[PDB]
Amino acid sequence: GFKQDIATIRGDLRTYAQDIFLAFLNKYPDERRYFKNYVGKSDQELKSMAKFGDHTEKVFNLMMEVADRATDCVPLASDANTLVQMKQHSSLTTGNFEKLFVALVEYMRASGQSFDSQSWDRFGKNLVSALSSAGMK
């Protein structure tokens, strides 16, 4: 279920984080504009860049913390507020977050694996509502 999925992802965080983030940029290539140092770089060039692995791992570490603190895939308002008030997220809208979660669920459905992809879709929908409520356009 969702709790096991958090354990699965955490066990190999850097690989899942890189694979899901690339799946996101591949599905929505205009989103790469927010990551100016990743434009025009192949996947293997990205993996040679320290900050690509560091910043993907830390994004997914936080995502897993927010997922773990949720009740029945409903995140804490405090965690939504953290994501809205981050300087790095100042120009984002809830649509950016929805795209990441559409890509994450598509990755889980395409994987070998028994992810609870309905729960990740729900968690994403609930996190979008919490982000709006915390003031994200």
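The numbering used is simple: start at 1 and walk along the sequence shown. Between two forms, the rigid core is the largest collection of C-alphas that superpose within 1.5 Å.
**Student:** May I ask which stretch, 41-49 or 25-33, sits farther from the shown form in 6 other deposited structures of this protein once every structure is superposed on the core, judging by RMS CA distance?
**Tutor:** This comes out as 41-49, the stretch further from the shown form in 6 other deposited structures of this protein.
**Student:** If you average the CA temperature factors as listed in the entry, which stretch comes out higher, 59-67 or 92-100?
**Tutor:** Per the PDB record, 92-100.
**Student:** Please work out which of 4-12 and 128-136 has the higher mean CA B-factor as recorded in the PDB entry.
**Tutor:** In the deposited entry, the stretch with the higher C-alpha B-factor mean is 128-136.
**Student:** Out of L76, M108, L46, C73, which shows the largest CA B-factor listed in the entry?
**Tutor:** Of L76, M108, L46, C73, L46 has the highest C-alpha B-factor.
**Student:** Would the CA B-factor of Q113 place it in the lowest, middle or highest third of its chain?
**Tutor:** Its C-alpha B-factor, which the entry lists for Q113, ranks in the highest third among residues of this chain.
**Student:** Going by what the PDB entry lists, where does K51 fall on CA B-factor within its chain: lowest, middle or highest third?
**Tutor:** It belongs to the highest third of the chain when residues are ordered by C-alpha B-factor.
**Student:** Which third, lowest, middle or highest, does the C-alpha temperature factor of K41 belong to within its own chain?
**Tutor:** Top third by C-alpha B-factor.
**Student:** Using the B-factors in the PDB entry, rank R32's C-alpha atom against the chain and give the third, lowest, middle or highest.
**Tutor:** Lowest third of the chain for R32's C-alpha B-factor.
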